[PDB]
Amino acid sequence: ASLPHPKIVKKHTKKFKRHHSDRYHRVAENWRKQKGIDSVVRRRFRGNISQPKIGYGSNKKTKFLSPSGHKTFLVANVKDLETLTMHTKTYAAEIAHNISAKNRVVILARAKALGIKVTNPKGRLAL
Amino acid sequence: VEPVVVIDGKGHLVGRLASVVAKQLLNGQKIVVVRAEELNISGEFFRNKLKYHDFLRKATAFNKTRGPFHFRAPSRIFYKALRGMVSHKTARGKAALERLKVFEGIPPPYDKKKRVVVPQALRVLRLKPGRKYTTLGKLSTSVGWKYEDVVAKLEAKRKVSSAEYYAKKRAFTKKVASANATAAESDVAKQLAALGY
Amino acid sequence: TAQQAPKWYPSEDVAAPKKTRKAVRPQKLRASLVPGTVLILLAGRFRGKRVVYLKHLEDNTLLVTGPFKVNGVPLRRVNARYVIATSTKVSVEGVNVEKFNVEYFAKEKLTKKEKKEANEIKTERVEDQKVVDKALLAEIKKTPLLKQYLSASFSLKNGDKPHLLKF
Amino acid sequence: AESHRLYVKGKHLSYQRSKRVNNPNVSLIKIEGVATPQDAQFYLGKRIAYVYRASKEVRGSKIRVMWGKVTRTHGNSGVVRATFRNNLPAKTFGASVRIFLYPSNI
Amino acid sequence: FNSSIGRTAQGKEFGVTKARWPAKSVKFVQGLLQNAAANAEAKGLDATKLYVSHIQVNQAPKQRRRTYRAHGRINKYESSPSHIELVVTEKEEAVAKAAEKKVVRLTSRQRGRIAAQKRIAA
Amino acid sequence: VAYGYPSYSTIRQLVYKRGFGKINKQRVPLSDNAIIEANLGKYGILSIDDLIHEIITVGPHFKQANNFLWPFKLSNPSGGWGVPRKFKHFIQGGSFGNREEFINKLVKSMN
RNA sequence: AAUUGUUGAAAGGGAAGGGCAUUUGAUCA
RNA sequence: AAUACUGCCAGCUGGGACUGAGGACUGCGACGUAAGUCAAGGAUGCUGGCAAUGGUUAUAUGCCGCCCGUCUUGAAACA
RNA sequence: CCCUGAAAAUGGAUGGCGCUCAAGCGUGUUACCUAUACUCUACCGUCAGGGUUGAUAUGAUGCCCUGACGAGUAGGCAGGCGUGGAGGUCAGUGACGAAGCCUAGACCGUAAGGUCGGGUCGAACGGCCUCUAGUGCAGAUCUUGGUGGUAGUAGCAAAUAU
RNA sequence: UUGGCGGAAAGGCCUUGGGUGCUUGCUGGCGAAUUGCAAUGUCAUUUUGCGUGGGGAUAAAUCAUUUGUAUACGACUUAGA
C-alpha cells in the first residue's frame, strides 16, 4: 500500500565508526572527526576507514523512507493516530515504548479500522 | 588440457622453464617436472659455481640454522627458483607450490607417461650456437650433492626398459600402418580423402 | 505526542506517466535463420538435440520441430538466442504451419496455493505433430544420412574451438 | 556419447587489477584455444557460470551457480574481461568456469 | 594458571607436563562433592548414574592485609577467596526426536525433472 | 598546449558534438537554430551552419562568434596520443608543439 | 564497564585489530 | 591504368558493455498530397521462475593498511 | 661494449627469482594495463541566473527550471544532534510498568543522534516553540575509586636443632 | 582365470582360456510431449559415524615401588605376577 516511488539505493550501507573503537574501550562506536596533525584517517590515506562526506547522502524523493515505502511516524494515543487519516499511503504509525498494552490494543484496533499500517504490531503482546 | 602435465628437464633453461611452470601453476594446471638434473643454465661452469658460492656465503650470523637453506639437489634448486618467482607467503602461492612436484630422474609413477617439452624454454632453441652452458647435475655434485651415480644407474635401467618398450611399439605401429595401407584404396578411403579426414 | 506534526504532507494522488515515443517493430532475424534450417539447441531440456525451423511466430520465438520419429522433441517455440543454425537445410514446402500460433500454446497459469508437493498431453496436439512429421520425414528421406544426423545429438569434444568451427 | 558438453572451458585468472590496487567487480577469464583478440572477439556477451557445490541443500540441490557475462577483451593473449552479478569470492583464482554459447549470433 | 611452575610425570595421562597436587582446594571440592551427594540422596536421586554436569569457581571479595618492604614502603598482600558452585545430574540421553519436516521449495523445472526420473526409473 | 590548423570536417564535427553556447553566463547546449539566432542575430548569424562558417572563415564577427562558444571539453584520445612521451616537441617526438594539419586526427580521436 | 569462571559458536605455521568485494555458517521482513 | 599513403562522406551495416533519470499536453523536426504516424525537449511491449534477492555478524580468500595526541621544515620512531 | 685501474668490516640486494641472437645496452614502429586525470550519466551539498499569490492550497525562509563547482593544517562563518534546569502547549506517557542498564535483533538520518522488538528493573518521564548554563572527553608523568599481564612468580635462607 | 615383467616412490603393466552385456559395421519397427522461450537440470570423489551379511587375533603404554650407565623438575636407563 505504498505510492509508486523509485527504488531506494544507499551509497553507504555500513556504519561510520570512530577510529580505534575496536582497539580502545574508552572510544565508543560513535563517529568523531580526527583532528590530529598526523592522523592517517584525517589525511585520508589508502586502506583506512572512510570519513562521512556530503556525497554519501540520499535522494530527497526517497529520503526518510522505510523499505516498505511508508514514512515512520511516532504515535502515542488514538487522537495522535487520527492525524494520519488521509495520509495512510505515505505515513505509517509507530507505537512508542511508553504505551501499555491496554492502550496498544485500542491503538491497533483503530489503525486496523482506519487502514493505517503499524511498523510494530507485535509489541507487548501475549505470545 | 591434460590434468597433469609431465615436463622433461633435458636441455631446458632453468629461468625460462621456471617462469613458464610458475605461470602455469598460478593459472591452475598440475605440473610434474622430471629429470631436473639435466637442466642447463647459460654461462660457464665456473661462473655458476662462483654464483652458488656467493649464495652459500649468505647465512644468519647469530644462528646459522635460521638462515637461508641452500639446498643442493637439482630438483630443490629448481623448486627454489620457482619459489623466488611465486609469492609463497600467500595462501594462493602456497596452493600453487603444493600443485608442484619436482623429482630427479623418472619416478616409477611417471616412467610410463608421456613427457612434454617447452619450446620457448629450450637451450637449443634460445641459446646462441657456440655459447657456454652448464649442467645442473654437475653443478650440484660439485657443490655437495652426493647421489649422482644412483640416479645415473636408475636412468640407464629406465632407458633400457623404454628402448625395449619402444621396439615393441614400433613393431605394432608398423603393423598398424600396413593395415591402414591395405585398408586404403577403397571407396571409404576416397570419400574420407574428399572430406579431409 | 511523541512527534508533534508533519508540517506538509505529500499528496497521495498518483501521477500519470508521460507519453512515451517508444513504438514496437518486428524482429529482424539473422541472415542464417531461414525456415527449413537445421538448428542446434543450446539451453533447455532438449539441448544438443537437432531440430528444424519451420515458422516465425509473432511473439519473436521461432516455431521449431523435433520430428518425433527422429529424436522426440515436440513442436515448440524457441528463442533466437539459444539456437545455432547449421549450414545444411531441408526445405519445408508443403508443410502447413498456419494453425500454430501464439494462443495455440496456452499456458493456463497454474493455481497458486495448491503446489505440487507430491505426485496429460492433448490428442489434438499429438494429431498436429503427426500431421507435420509425416510430411517432414517424407521430404527428409530424399537425402541420405539426414535421419541419423538429426537423431544424433551435438556435443563439444576436446580440441574443438567454436570460434573456428563452421556450424 | 561419452562426452556431453555444450559450453567452453575457462580459467578464472584474477580481477582487473594493478600493481597494488585491485577491482573485485571485474574479473579476468582465459579461454582455452584462444590466443589473440581477433579470435577472442567471438565470445562477447556470452554467459559465464561458476558451478560450485556446498554441503547444505538450498532448494533441493547442493550445487549453486554464479552467473555473469563477458564484457570485452583484455590483453593480447585472448584473456577477456567478465562482469558477474555477484563477484567471485577471490578464492577461485584458477578455477574452471563454463562459458555458454548463448546468446549465439553464429 | 601454570606459568613458571614445575613439571611432573603424574600428569602424563592428561597430556600436560606441568601439574601439581593441591591440598586445600582438593579438600574443599571433596567436601562440596559430599554435600552434593547428600543433597541428591535426600532428594531421591540414586548415586549410580550421578555425574558432575556443572562446576564453577569465581573470585570472592579480597581480604586486604599489609606487608612491609624496603625503604619504608607498604605493599599489597591480600588473599583470593573462592566462590565454588557445582551441579550433579542423573545421566539419561538415549535418543531425541530430531528436527522438523524442513519443507523444501521446488521449482517447476525441478518438479518436471523428478517426474521424469520417476517415470524412467523403475 | 598542442595547436594546429583545423579543417572544415573536424570543425563541423566539433560544433555538432561538443558545441555549447554561453547564454546568461550558462553553458546551454545548442540543439536548435533558435537559440543561436536569438543570441547572435545582431551579427548576422542565425544557425549552427552560419556559426560553423564564421569559425572556418574569419570575418567581421569572428571574435563574437568565438566568444559565444564555450571552450570544447574533449576526452582523452581513443587511439592514444601515439607517442611515448607527450611533453616533447612534435619534431622531437611528442604532442607538445605545433602539429599543423596533423591536429585534425588528434582532435577527432579526442572528440 | 575495567577483571574473572562455566556453557554455546568461530579462528589460530614468529601477533591481534581495519578498509575495498564475495563464498560459507548463524540470524533477520 | 591499377596500387601504396593521407584526408572526406549530411554512405551502409555486423557484435558487445554501462545507463532508464523525467511523469496528462505545451517546443523544435521528419514521413505522409491528406488522415494519421515517427528513432522527433530522458524506455516501452511480451514472457519465464520464486512468493529465493537482500540487511547484520563470524571465518575464509585477492589487494591495501606503521601508534593515538602534541612540538617540529621534517614523527610511527631508538622524542 | 667489455677488461685492469676498483680494497672494509652481521648475511643481501637492478626488489628478488633469474636472464646471454637477453628478460643487458641505443634507436625505429604497432598492440596491450591503469590515477580520486579526462568525456557522459545517476544522486548529495554550495553558488549564480530565473519562474511561480489568477485560487480552495498551507511552508513564497515553500515548490520548480538551467548552468557551474565541490581538496586542505591554524582560523573564520553558517546549518544542525545531545545534557542539567524554567515558561506555554500536547485536558502527553505511566504500578496491566516511568526512569536506568543489557541486548555480532530491527528501522531512519552522510554524519553528530533518534526510534522499535526482548530481558532485568522498580516511580517517575517525554515531543513541540522559546529562555538559561556548573551543557558533550581520549590523553594534561590529570584528582578519587576499582580492576589486569607480570603472578600462584619472586620470595617466606642471619641468630648451631630438633 | 594361467603365466610373466616392474623396488626409485615398485602398488602398476603385459598376457592365457572361459563367462557376463553392448556393438552405431549395415538394414528396420516401437516410445520420446503438460519439465511449457534458458534458469547447474546431478549420476565423479574426501573423511566421520550409523545399519546389514562374509572374514582375521585377543595386546600394550603410563603412573605407583625400585635400579643407576641420569638428572633441577622433566627426561634416560633397569627390574619385580
# chains A, B, ... in the order shown; residues from 1 in each chain; ligands from 1
call {"tool": "residues_around", "arguments": {"residues": "residue 2 in chain B", "least_positions_apart": "3", "cutoff": "12 Å", "atoms": "only C-alpha atoms (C1' of nucleotides)", "output": "ChimeraX atom specification"}}
result
/B:5-6,28-32,113-116 /C:158-159 /D:32
call {"tool": "residues_around", "arguments": {"residues": "residue 27 in chain F", "least_positions_apart": "6", "cutoff": "8 Å", "atoms": "only C-alpha atoms (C1' of nucleotides)", "output": "ChimeraX atom specification"}}
result
/F:20-21,70 /I:67
call {"tool": "residues_around", "arguments": {"residues": "range 45-55 of chain H", "least_positions_apart": "6", "cutoff": "8 Å", "atoms": "only C-alpha atoms (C1' of nucleotides)", "output": "MDAnalysis selection string"}}
result
(chainID C and resid 24 59) or (chainID E and resid 107:108) or (chainID G and resid 28) or (chainID J and resid 37 39)
call {"tool": "write_last_selection", "arguments": {"atoms": "N, CA and C atoms (P, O5', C5', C4', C3', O3' and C1' of nucleotides)", "output": "PDB file, in the first residue's frame"}}
result
ATOM      1  N   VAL C  24       6.878  -0.231 -31.219  1.00  0.00           N
ATOM      2  CA  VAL C  24       7.382  -1.588 -31.389  1.00  0.00           C
ATOM      3  C   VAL C  24       7.551  -1.858 -32.877  1.00  0.00           C
ATOM      4  N   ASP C  59       5.410 -13.642 -31.611  1.00  0.00           N
ATOM      5  CA  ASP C  59       5.969 -13.308 -30.307  1.00  0.00           C
ATOM      6  C   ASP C  59       7.491 -13.428 -30.254  1.00  0.00           C
TER       7      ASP C  59
ATOM      8  N   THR E 107      11.243 -25.839  -7.783  1.00  0.00           N
ATOM      9  CA  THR E 107      10.955 -25.098  -9.000  1.00  0.00           C
ATOM     10  C   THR E 107      10.174 -25.994  -9.963  1.00  0.00           C
ATOM     11  N   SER E 108       9.501 -25.369 -10.933  1.00  0.00           N
ATOM     12  CA  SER E 108       8.754 -26.134 -11.928  1.00  0.00           C
ATOM     13  C   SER E 108       9.677 -27.045 -12.731  1.00  0.00           C
TER      14      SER E 108
ATOM     15  P     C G  28      15.544 -15.486  12.993  1.00  0.00           P
ATOM     16  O5'   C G  28      15.436 -14.066  12.279  1.00  0.00           O
ATOM     17  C5'   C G  28      15.351 -12.870  13.041  1.00  0.00           C
ATOM     18  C4'   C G  28      15.458 -11.645  12.167  1.00  0.00           C
ATOM     19  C3'   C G  28      14.435 -11.531  11.047  1.00  0.00           C
ATOM     20  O3'   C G  28      13.190 -11.023  11.494  1.00  0.00           O
ATOM     21  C1'   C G  28      16.595 -11.057  10.203  1.00  0.00           C
TER      22        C G  28
ATOM     23  P     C J  37       7.364 -21.778 -23.330  1.00  0.00           P
ATOM     24  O5'   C J  37       8.926 -21.542 -23.532  1.00  0.00           O
ATOM     25  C5'   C J  37       9.655 -22.273 -24.511  1.00  0.00           C
ATOM     26  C4'   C J  37      10.934 -21.572 -24.902  1.00  0.00           C
ATOM     27  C3'   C J  37      11.923 -21.317 -23.764  1.00  0.00           C
ATOM     28  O3'   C J  37      13.255 -21.424 -24.267  1.00  0.00           O
ATOM     29  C1'   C J  37      11.320 -19.263 -24.762  1.00  0.00           C
ATOM     30  P     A J  39      15.585 -24.292 -18.038  1.00  0.00           P
ATOM     31  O5'   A J  39      16.431 -23.607 -16.875  1.00  0.00           O
ATOM     32  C5'   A J  39      17.835 -23.825 -16.761  1.00  0.00           C
ATOM     33  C4'   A J  39      18.489 -22.792 -15.876  1.00  0.00           C
ATOM     34  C3'   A J  39      18.173 -22.920 -14.389  1.00  0.00           C
ATOM     35  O3'   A J  39      19.295 -22.481 -13.627  1.00  0.00           O
ATOM     36  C1'   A J  39      17.394 -20.831 -15.184  1.00  0.00           C
TER      37        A J  39
END
call {"tool": "interface_residues", "arguments": {"of": "chain D", "to": "chain E", "cutoff": "9 Å", "atoms": "only C-alpha atoms", "output": "PyMOL selection string"}}
result
chain D and resi 58-60
call {"tool": "write_last_selection", "arguments": {"atoms": "N, CA, C and O atoms", "output": "compact mmCIF listing (two decimals), in the first residue's frame"}}
result
# COMPACT_ATOMS: atom_id res chain seq x y z
N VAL D 58 19.87 -26.07 -0.59
CA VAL D 58 19.21 -24.77 -0.54
C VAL D 58 17.76 -24.93 -0.97
O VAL D 58 16.84 -24.61 -0.21
N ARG D 59 17.54 -25.42 -2.19
CA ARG D 59 16.20 -25.60 -2.73
C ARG D 59 16.10 -26.95 -3.44
O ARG D 59 15.55 -27.05 -4.54
N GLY D 60 16.62 -28.00 -2.81
CA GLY D 60 16.58 -29.34 -3.34
C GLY D 60 17.88 -29.82 -3.95
O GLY D 60 18.04 -31.02 -4.19
call {"tool": "select_by_dssp", "arguments": {"residues": "range 26-164 of chain B", "states": "helix (DSSP H, G or I)", "output": "JSON, numbers by chain"}}
result
{"B": [26, 27, 36, 37, 38, 45, 46, 47, 48, 49, 50, 51, 52, 53, 54, 55, 56, 57, 64, 65, 66, 74, 75, 76, 77, 78, 79, 80, 81, 82, 83, 91, 92, 93, 94, 95, 96, 97, 98, 108, 109, 110, 111, 119, 120, 121, 123, 124, 125, 126, 136, 137, 138, 139, 140, 141, 142, 143, 148, 149, 150, 151, 152, 153, 154, 155, 156, 157, 158, 159, 160, 161, 162, 163, 164]}
call {"tool": "atom_distance", "arguments": {"atom1": "CA of residue 63 in chain A", "atom2": "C1' of residue 109 in chain I"}}
result
8.5 Å
call {"tool": "atom_distance", "arguments": {"atom1": "CA of residue 13 in chain D", "atom2": "CA of residue 26 in chain B"}}
result
8.1 Å
call {"tool": "select_by_dssp", "arguments": {"residues": "chain B", "states": "strand (DSSP E)", "output": "PyMOL selection string"}}
result
chain B and resi 4-8+30-34+40-42+100-102+133-135
call {"tool": "write_last_selection", "arguments": {"atoms": "N, CA and C atoms", "output": "compact mmCIF listing (two decimals), in the first residue's frame"}}
result
# COMPACT_ATOMS: atom_id res chain seq x y z
N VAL B 4 47.34 -33.50 -15.56
CA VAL B 4 48.71 -33.44 -15.06
C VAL B 4 49.64 -33.41 -16.27
N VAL B 5 50.56 -32.45 -16.28
CA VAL B 5 51.50 -32.27 -17.38
C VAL B 5 52.89 -32.63 -16.89
N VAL B 6 53.53 -33.58 -17.57
CA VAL B 6 54.88 -34.02 -17.23
C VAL B 6 55.86 -33.31 -18.15
N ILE B 7 56.83 -32.62 -17.56
CA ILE B 7 57.81 -31.85 -18.31
C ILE B 7 59.20 -32.42 -18.06
N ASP B 8 59.88 -32.79 -19.14
CA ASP B 8 61.26 -33.23 -19.05
C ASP B 8 62.18 -32.03 -18.83
N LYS B 30 48.14 -28.67 -13.00
CA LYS B 30 49.05 -29.52 -12.25
C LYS B 30 50.24 -29.92 -13.12
N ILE B 31 51.45 -29.69 -12.61
CA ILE B 31 52.68 -29.88 -13.36
C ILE B 31 53.64 -30.72 -12.54
N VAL B 32 54.24 -31.73 -13.16
CA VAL B 32 55.31 -32.52 -12.57
C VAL B 32 56.52 -32.43 -13.48
N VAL B 33 57.67 -32.10 -12.90
CA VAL B 33 58.92 -31.93 -13.64
C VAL B 33 59.83 -33.11 -13.33
N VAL B 34 60.32 -33.76 -14.38
CA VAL B 34 61.15 -34.95 -14.23
C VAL B 34 62.50 -34.70 -14.89
N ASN B 40 69.92 -26.97 -17.95
CA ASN B 40 71.07 -26.23 -18.44
C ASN B 40 70.89 -24.75 -18.16
N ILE B 41 71.95 -24.10 -17.69
CA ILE B 41 71.95 -22.67 -17.40
C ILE B 41 73.01 -22.00 -18.26
N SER B 42 72.67 -20.82 -18.78
CA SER B 42 73.63 -20.05 -19.56
C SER B 42 74.79 -19.60 -18.67
N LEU B 100 52.92 -28.30 -7.32
CA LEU B 100 54.17 -28.67 -7.98
C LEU B 100 54.73 -29.97 -7.41
N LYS B 101 55.32 -30.78 -8.29
CA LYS B 101 56.04 -31.98 -7.89
C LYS B 101 57.31 -32.08 -8.74
N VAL B 102 58.46 -31.90 -8.10
CA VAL B 102 59.76 -31.91 -8.78
C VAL B 102 60.54 -33.12 -8.31
N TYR B 133 77.37 -23.32 -21.69
CA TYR B 133 76.32 -23.68 -20.75
C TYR B 133 76.89 -24.61 -19.69
N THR B 134 76.03 -25.01 -18.75
CA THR B 134 76.42 -25.91 -17.67
C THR B 134 75.30 -26.91 -17.43
N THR B 135 75.61 -27.93 -16.64
CA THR B 135 74.63 -28.94 -16.26
C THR B 135 74.31 -28.81 -14.78
call {"tool": "residues_around", "arguments": {"residues": "residue 40 in chain J", "least_positions_apart": "4", "cutoff": "9 Å", "atoms": "only C-alpha atoms (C1' of nucleotides)", "output": "list in words"}}
result
residues 49, 50, 51, 52, 63, 64 and 65 of chain D
call {"tool": "residues_around", "arguments": {"residues": "residue 35 in chain E", "least_positions_apart": "5", "cutoff": "12 Å", "atoms": "only C-alpha atoms (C1' of nucleotides)", "output": "VMD selection string"}}
result
chain E and resid 28 to 30 40 to 42 85 to 88
call {"tool": "atom_distance", "arguments": {"atom1": "CA of residue 56 in chain F", "atom2": "CA of residue 28 in chain F"}}
result
22.3 Å
call {"tool": "residues_around", "arguments": {"residues": "residue 86 in chain B", "least_positions_apart": "3", "cutoff": "10 Å", "atoms": "only C-alpha atoms (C1' of nucleotides)", "output": "PyMOL selection string"}}
result
(chain B and resi 18-19+22-23+25-26+80-83+89-90+92-94+96-97) or (chain I and resi 17)
call {"tool": "write_last_selection", "arguments": {"atoms": "N, CA and C atoms (P, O5', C5', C4', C3', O3' and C1' of nucleotides)", "output": "PDB file, in the first residue's frame"}}
result
ATOM      1  N   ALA B  18      61.316 -22.218 -15.321  1.00  0.00           N
ATOM      2  CA  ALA B  18      60.732 -21.857 -14.037  1.00  0.00           C
ATOM      3  C   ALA B  18      59.621 -20.833 -14.206  1.00  0.00           C
ATOM      4  N   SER B  19      59.843 -19.823 -15.051  1.00  0.00           N
ATOM      5  CA  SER B  19      58.804 -18.826 -15.289  1.00  0.00           C
ATOM      6  C   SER B  19      57.567 -19.456 -15.919  1.00  0.00           C
ATOM      7  N   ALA B  22      55.801 -21.678 -13.322  1.00  0.00           N
ATOM      8  CA  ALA B  22      55.164 -20.846 -12.308  1.00  0.00           C
ATOM      9  C   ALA B  22      53.891 -20.206 -12.843  1.00  0.00           C
ATOM     10  N   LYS B  23      53.932 -19.702 -14.081  1.00  0.00           N
ATOM     11  CA  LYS B  23      52.733 -19.126 -14.679  1.00  0.00           C
ATOM     12  C   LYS B  23      51.637 -20.173 -14.827  1.00  0.00           C
ATOM     13  N   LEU B  25      51.248 -22.933 -13.022  1.00  0.00           N
ATOM     14  CA  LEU B  25      50.753 -23.285 -11.695  1.00  0.00           C
ATOM     15  C   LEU B  25      49.823 -22.210 -11.150  1.00  0.00           C
ATOM     16  N   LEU B  26      50.167 -20.937 -11.362  1.00  0.00           N
ATOM     17  CA  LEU B  26      49.269 -19.859 -10.960  1.00  0.00           C
ATOM     18  C   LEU B  26      47.967 -19.901 -11.748  1.00  0.00           C
ATOM     19  N   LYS B  80      63.453 -23.958  -5.566  1.00  0.00           N
ATOM     20  CA  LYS B  80      63.807 -22.646  -5.028  1.00  0.00           C
ATOM     21  C   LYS B  80      63.709 -21.570  -6.101  1.00  0.00           C
ATOM     22  N   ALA B  81      64.107 -21.901  -7.330  1.00  0.00           N
ATOM     23  CA  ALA B  81      63.969 -20.950  -8.425  1.00  0.00           C
ATOM     24  C   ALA B  81      62.510 -20.575  -8.633  1.00  0.00           C
ATOM     25  N   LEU B  82      61.613 -21.565  -8.604  1.00  0.00           N
ATOM     26  CA  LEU B  82      60.190 -21.268  -8.775  1.00  0.00           C
ATOM     27  C   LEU B  82      59.618 -20.541  -7.563  1.00  0.00           C
ATOM     28  N   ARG B  83      60.152 -20.814  -6.374  1.00  0.00           N
ATOM     29  CA  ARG B  83      59.659 -20.140  -5.180  1.00  0.00           C
ATOM     30  C   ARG B  83      60.068 -18.674  -5.159  1.00  0.00           C
ATOM     31  N   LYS B  89      54.268 -16.728   0.340  1.00  0.00           N
ATOM     32  CA  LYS B  89      53.678 -16.303   1.607  1.00  0.00           C
ATOM     33  C   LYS B  89      52.159 -16.420   1.589  1.00  0.00           C
ATOM     34  N   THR B  90      51.527 -16.049   0.478  1.00  0.00           N
ATOM     35  CA  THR B  90      50.074 -16.073   0.395  1.00  0.00           C
ATOM     36  C   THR B  90      49.554 -17.505   0.289  1.00  0.00           C
ATOM     37  N   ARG B  92      47.302 -18.512  -1.844  1.00  0.00           N
ATOM     38  CA  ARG B  92      47.282 -18.863  -3.262  1.00  0.00           C
ATOM     39  C   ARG B  92      48.650 -19.346  -3.729  1.00  0.00           C
ATOM     40  N   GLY B  93      49.716 -18.662  -3.310  1.00  0.00           N
ATOM     41  CA  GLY B  93      51.053 -19.119  -3.647  1.00  0.00           C
ATOM     42  C   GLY B  93      51.381 -20.464  -3.030  1.00  0.00           C
ATOM     43  N   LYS B  94      50.926 -20.693  -1.795  1.00  0.00           N
ATOM     44  CA  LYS B  94      51.117 -21.997  -1.169  1.00  0.00           C
ATOM     45  C   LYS B  94      50.412 -23.092  -1.956  1.00  0.00           C
ATOM     46  N   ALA B  96      49.679 -23.027  -5.151  1.00  0.00           N
ATOM     47  CA  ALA B  96      50.447 -23.210  -6.376  1.00  0.00           C
ATOM     48  C   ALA B  96      51.685 -24.061  -6.123  1.00  0.00           C
ATOM     49  N   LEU B  97      52.335 -23.866  -4.972  1.00  0.00           N
ATOM     50  CA  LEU B  97      53.519 -24.655  -4.642  1.00  0.00           C
ATOM     51  C   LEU B  97      53.168 -26.121  -4.412  1.00  0.00           C
TER      52      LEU B  97
ATOM     53  P     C I  17      68.291 -13.207  -6.848  1.00  0.00           P
ATOM     54  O5'   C I  17      67.169 -14.188  -7.407  1.00  0.00           O
ATOM     55  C5'   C I  17      66.544 -15.149  -6.568  1.00  0.00           C
ATOM     56  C4'   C I  17      65.435 -15.856  -7.303  1.00  0.00           C
ATOM     57  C3'   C I  17      65.804 -16.371  -8.684  1.00  0.00           C
ATOM     58  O3'   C I  17      66.452 -17.631  -8.642  1.00  0.00           O
ATOM     59  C1'   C I  17      63.765 -15.174  -8.808  1.00  0.00           C
TER      60        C I  17
END
call {"tool": "closest_atom_pairs", "arguments": {"of": "chain E", "to": "chain I", "cutoff": "12 Å", "atoms": "only C-alpha atoms (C1' of nucleotides)", "output": "tab-separated table"}}
result
residue	atom	partner	partner_atom	distance
E:1	CA	I:152	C1'	7.5
E:2	CA	I:152	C1'	8.3
E:3	CA	I:151	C1'	7.8
E:4	CA	I:153	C1'	6.9
E:5	CA	I:152	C1'	8.8
E:6	CA	I:152	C1'	12.0
E:20	CA	I:152	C1'	11.4
E:22	CA	I:152	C1'	11.4
E:61	CA	I:146	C1'	11.9
E:67	CA	I:156	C1'	11.9
E:69	CA	I:155	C1'	11.9
E:79	CA	I:152	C1'	11.0
E:80	CA	I:152	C1'	10.2
call {"tool": "write_last_selection", "arguments": {"atoms": "N, CA and C atoms", "output": "PDB file, in the first residue's frame"}}
result
ATOM      1  N   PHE E   1      46.554 -21.456  34.652  1.00  0.00           N
ATOM      2  CA  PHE E   1      47.499 -20.873  35.605  1.00  0.00           C
ATOM      3  C   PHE E   1      48.617 -21.875  35.897  1.00  0.00           C
ATOM      4  N   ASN E   2      49.543 -21.970  34.944  1.00  0.00           N
ATOM      5  CA  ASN E   2      50.678 -22.881  35.047  1.00  0.00           C
ATOM      6  C   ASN E   2      51.967 -22.195  34.613  1.00  0.00           C
ATOM      7  N   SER E   3      52.060 -20.888  34.836  1.00  0.00           N
ATOM      8  CA  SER E   3      53.235 -20.122  34.440  1.00  0.00           C
ATOM      9  C   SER E   3      54.347 -20.306  35.464  1.00  0.00           C
ATOM     10  N   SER E   4      55.528 -20.697  34.981  1.00  0.00           N
ATOM     11  CA  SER E   4      56.719 -20.873  35.816  1.00  0.00           C
ATOM     12  C   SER E   4      56.485 -21.865  36.952  1.00  0.00           C
ATOM     13  N   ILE E   5      55.749 -22.939  36.679  1.00  0.00           N
ATOM     14  CA  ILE E   5      55.520 -23.987  37.658  1.00  0.00           C
ATOM     15  C   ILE E   5      56.312 -25.221  37.247  1.00  0.00           C
ATOM     16  N   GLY E   6      56.550 -26.104  38.215  1.00  0.00           N
ATOM     17  CA  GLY E   6      57.339 -27.287  37.951  1.00  0.00           C
ATOM     18  C   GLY E   6      56.585 -28.324  37.140  1.00  0.00           C
ATOM     19  N   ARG E  20      50.315 -30.142  39.502  1.00  0.00           N
ATOM     20  CA  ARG E  20      50.572 -30.024  40.929  1.00  0.00           C
ATOM     21  C   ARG E  20      49.593 -30.911  41.686  1.00  0.00           C
ATOM     22  N   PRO E  22      47.300 -29.934  44.597  1.00  0.00           N
ATOM     23  CA  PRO E  22      46.723 -29.010  45.579  1.00  0.00           C
ATOM     24  C   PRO E  22      46.078 -29.764  46.731  1.00  0.00           C
ATOM     25  N   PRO E  61      35.277 -11.369  47.213  1.00  0.00           N
ATOM     26  CA  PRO E  61      35.944 -10.146  47.678  1.00  0.00           C
ATOM     27  C   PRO E  61      37.204 -10.472  48.467  1.00  0.00           C
ATOM     28  N   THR E  67      51.900  -5.717  54.098  1.00  0.00           N
ATOM     29  CA  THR E  67      53.249  -6.262  54.116  1.00  0.00           C
ATOM     30  C   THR E  67      54.240  -5.107  54.152  1.00  0.00           C
ATOM     31  N   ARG E  69      58.115  -3.620  53.194  1.00  0.00           N
ATOM     32  CA  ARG E  69      59.157  -3.713  52.181  1.00  0.00           C
ATOM     33  C   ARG E  69      60.318  -2.788  52.531  1.00  0.00           C
ATOM     34  N   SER E  79      44.417 -11.826  49.999  1.00  0.00           N
ATOM     35  CA  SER E  79      44.142 -13.189  49.565  1.00  0.00           C
ATOM     36  C   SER E  79      43.173 -13.180  48.385  1.00  0.00           C
ATOM     37  N   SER E  80      42.892 -14.374  47.864  1.00  0.00           N
ATOM     38  CA  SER E  80      41.993 -14.561  46.726  1.00  0.00           C
ATOM     39  C   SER E  80      40.983 -15.650  47.065  1.00  0.00           C
TER      40      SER E  80
END
